[PDB]
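Heads up, the chain below is alone and in the form solved without the ligand; it's given as structure tokens.
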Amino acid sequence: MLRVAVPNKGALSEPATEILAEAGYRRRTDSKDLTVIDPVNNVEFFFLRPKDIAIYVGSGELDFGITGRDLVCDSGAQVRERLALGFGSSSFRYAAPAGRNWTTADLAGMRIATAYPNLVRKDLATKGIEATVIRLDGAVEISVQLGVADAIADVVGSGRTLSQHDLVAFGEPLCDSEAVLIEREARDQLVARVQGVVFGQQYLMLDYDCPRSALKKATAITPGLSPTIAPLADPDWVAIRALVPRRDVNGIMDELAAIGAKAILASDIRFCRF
């Protein structure tokens, strides 16, 4: 009986609950419940607030969990990413008033307001700087005008909120907030089950007809996750079938066309088990 924790609420909830339904696990039979067991699949789900998720995967009271990477990058628990889930991903970073051109160097002796104080601190120690880290529970983009901080650190999502506070981001992302499946045989089955759901959400099938001399190029354009190559009666052609990432399927299709690919057809898939 695998015990698995899932965000009970917030932005990582509906999407994580959907992924597991998509994989044939039972849903909770009410929304106020914080537990369901699936008799068929032998799992016991628990529904926790994302930040209590890493911790309890680290102390061993849970076999797996779903949280955001920023939380784990910030938890300090003994846990490891076993899977990138593809949703809620954004750059985590620093930002300060649109006045200047900031550097991570300008952080020395500043107060930085952030919801992920430990994450900021490890990073700073790493870059050789010392500054003052203040914890806030949210609404960080206001700490500079309330006069509590000099700069911030947060996930920059749409960026709107930033600019609306005349903050600008600056520096390499400190983390990427992606939902993640973490751990500390029935465990591989769960992993694969989950993975097949993700790959089905992140890739499409491309079927195209590619000229033999472009075979090489074609396959650097679509390596697929083992692409299929089926030589056509015309020695000068070969049918190719590959999974390609969905966010950039059009550019890819355009690439194919520029090298002589024909009948380019993109189609959805649901799961993969391979």
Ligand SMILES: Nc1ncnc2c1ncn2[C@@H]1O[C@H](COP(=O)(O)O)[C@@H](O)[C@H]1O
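Here, rigid core means the biggest group of C-alpha atoms that superpose within 1.5 Å across both forms. Note that residue numbering follows the sequence shown and begins at 1.
There is another form of this protein, the form deposited with the ligand bound, and it is not shown here; the text below is about that form.
- With the ligand omitted here, the record of contacts in the entry with it bound names 153-161 of 117-125, 102-110, 153-161, 193-201, defined by a heavy atom within 4.5 Å.
- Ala257 falls outside the set of residues with a heavy atom inside 4.5 Å of the ligand in the entry with it bound.
- The closest non-hydrogen atom of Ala21 lies beyond 4.5 Å of the ligand in the entry with it bound.
- Looking at 6-45, the residues that come within 4.5 Å of the ligand in the entry with it bound, counting any heavy atom, are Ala11, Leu12.
- Core-superposed comparison between the shown form and the other one: the CA of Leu62 stays below a 2 Å shift.
- The Cα shift for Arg241 between the shown form and the other one, taken after rigid core superposition, is 2 angstroms or larger.
- The two forms, fitted on the rigid core, differ between the shown form and the other one by 2 Å or more at the CA of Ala214.
- Between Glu18 and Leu265, the Cα distance is smaller in the entry with it bound than in this structure, by no less than 3 angstroms.
- Between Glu22 and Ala266, the Cα distance is smaller in the entry with it bound than in this structure, by no less than 3 angstroms.
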